[PDB]
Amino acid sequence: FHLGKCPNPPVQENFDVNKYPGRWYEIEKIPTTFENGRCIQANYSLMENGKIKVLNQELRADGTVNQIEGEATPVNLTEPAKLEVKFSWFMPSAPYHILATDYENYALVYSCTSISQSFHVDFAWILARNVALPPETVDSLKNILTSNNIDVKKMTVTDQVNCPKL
């Protein structure tokens, strides 16, 4: 919960949606809730229209699996790295902005929602193709956030250690 209008960081230049699909593991995020997933992964599959189906899955402490299915749609025709995502019929879409990705190793995703023009809440996820990233990559991605006035101090490391080999 923050003062002012939503930050509007630059997004990934020359973004190629065709190289984005497949499985991404969650490495770090701004937590959305104080409750509980590990081994967090999302599978993206690119459709005919440029819509992207998203299947998010996580393991809970008791070893059960929680899943949610959603769809990402480009918000506009100018900037292919600015999408919006919807997971439930009853939930308005949320921005899904790809700030940086090399398609083969990492992606930084940002989302911000206003609470009037005077306040906002924002979120960010560092994703990877593998279950871990070099500390210097994580640092470089957090620097993007910081340099755009997005706070990284509340970010948590997702447990990719107590997890199956997939």
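Residue numbers here begin at 1 and follow the sequence given.
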Looking at the deposited entry, does 117-125 or 32-40 carry the larger mean Cα B-factor?
-> 32-40
Mean Cα B-factor check, 20-28 vs 7-15, entry values; winner is 7-15
Among the candidates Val109, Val54, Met47, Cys112, give the one with the maximum CA B-factor reported in the record.
-> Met47
Within this chain's modelled residues, let me know which third the CA B factor of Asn66 belongs to: lowest, middle or highest.
-> highest
